[PDB]
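**Student:** Here it is, the structure, as structure tokens.
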Amino acid sequence: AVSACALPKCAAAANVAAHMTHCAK
Ligand SMILES: [Zn+2]
């Protein structure tokens with residue numbers, strides 16, 4: 001999830017989808 005994102009910040013508007021799209025793997 002964005003809250004536990006590993007990448008250098010992804011959610012630029014509180015959007016897990018935009019984040020998990022690459023993260024969580
Ligand atoms: Zn991320």
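How things are named: the first chain in the structure tokens is A, the next is B, and so on; residues count from 1 in each chain; ligands count from 1 in the order shown.
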Name all residues at most 12 Å from residue 24 (chain A) (count only C-alpha atoms; drop same-chain ones fewer than 3 positions away) and give them as a PyMOL selection string.
**Tutor:** chain A and resi 1-7+10+16-21
**Student:** Would you put the residues from that selection into a file with N, CA, C and O atoms, as a JSON list (two decimals), in the first residue's frame?
**Tutor:**
```json
[["chain", "number", "residue", "atom", "x", "y", "z"],
["A", 1, "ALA", "N", 0.84, -1.23, 0.00],
["A", 1, "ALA", "CA", 0.00, 0.00, 0.00],
["A", 1, "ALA", "C", 0.86, 1.26, 0.00],
["A", 1, "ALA", "O", 2.06, 1.20, 0.29],
["A", 2, "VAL", "N", 0.25, 2.39, -0.33],
["A", 2, "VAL", "CA", 0.96, 3.66, -0.36],
["A", 2, "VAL", "C", 1.56, 3.99, 1.00],
["A", 2, "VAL", "O", 2.66, 4.54, 1.08],
["A", 3, "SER", "N", 0.84, 3.65, 2.06],
["A", 3, "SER", "CA", 1.30, 3.91, 3.42],
["A", 3, "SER", "C", 2.62, 3.19, 3.68],
["A", 3, "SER", "O", 3.46, 3.68, 4.44],
["A", 4, "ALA", "N", 2.79, 2.03, 3.06],
["A", 4, "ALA", "CA", 4.00, 1.24, 3.23],
["A", 4, "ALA", "C", 4.79, 1.16, 1.93],
["A", 4, "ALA", "O", 5.52, 0.20, 1.69],
["A", 5, "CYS", "N", 4.64, 2.19, 1.09],
["A", 5, "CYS", "CA", 5.34, 2.24, -0.19],
["A", 5, "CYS", "C", 6.85, 2.16, 0.02],
["A", 5, "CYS", "O", 7.39, 2.71, 0.98],
["A", 6, "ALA", "N", 7.53, 1.48, -0.90],
["A", 6, "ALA", "CA", 8.98, 1.34, -0.83],
["A", 6, "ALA", "C", 9.67, 2.31, -1.77],
["A", 6, "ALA", "O", 10.81, 2.72, -1.54],
["A", 7, "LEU", "N", 8.98, 2.68, -2.84],
["A", 7, "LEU", "CA", 9.52, 3.61, -3.83],
["A", 7, "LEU", "C", 9.60, 5.03, -3.25],
["A", 7, "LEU", "O", 8.95, 5.33, -2.25],
["A", 10, "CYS", "N", 5.14, 7.80, -4.30],
["A", 10, "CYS", "CA", 4.42, 7.61, -5.55],
["A", 10, "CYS", "C", 3.10, 8.38, -5.54],
["A", 10, "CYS", "O", 2.87, 9.24, -6.38],
["A", 16, "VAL", "N", -3.61, 5.10, -3.94],
["A", 16, "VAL", "CA", -2.93, 3.83, -3.82],
["A", 16, "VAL", "C", -2.77, 3.15, -5.18],
["A", 16, "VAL", "O", -1.72, 2.58, -5.48],
["A", 17, "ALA", "N", -3.82, 3.22, -6.00],
["A", 17, "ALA", "CA", -3.79, 2.61, -7.32],
["A", 17, "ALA", "C", -2.59, 3.10, -8.12],
["A", 17, "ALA", "O", -1.83, 2.30, -8.67],
["A", 18, "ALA", "N", -2.42, 4.41, -8.17],
["A", 18, "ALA", "CA", -1.30, 5.01, -8.90],
["A", 18, "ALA", "C", 0.03, 4.52, -8.32],
["A", 18, "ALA", "O", 1.05, 4.55, -9.01],
["A", 19, "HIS", "N", 0.00, 4.09, -7.07],
["A", 19, "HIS", "CA", 1.20, 3.60, -6.40],
["A", 19, "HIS", "C", 1.38, 2.09, -6.61],
["A", 19, "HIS", "O", 2.35, 1.65, -7.22],
["A", 20, "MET", "N", 0.44, 1.30, -6.09],
["A", 20, "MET", "CA", 0.52, -0.16, -6.21],
["A", 20, "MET", "C", 0.78, -0.60, -7.65],
["A", 20, "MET", "O", 1.28, -1.69, -7.89],
["A", 21, "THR", "N", 0.43, 0.26, -8.61],
["A", 21, "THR", "CA", 0.62, -0.05, -10.03],
["A", 21, "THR", "C", 2.06, -0.48, -10.33],
["A", 21, "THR", "O", 2.31, -1.17, -11.32]]
```
**Student:** Report the residues of chain A whose backbone DSSP state falls under alpha helix (DSSP H), written as a ChimeraX atom specification.
**Tutor:** /A:16-20
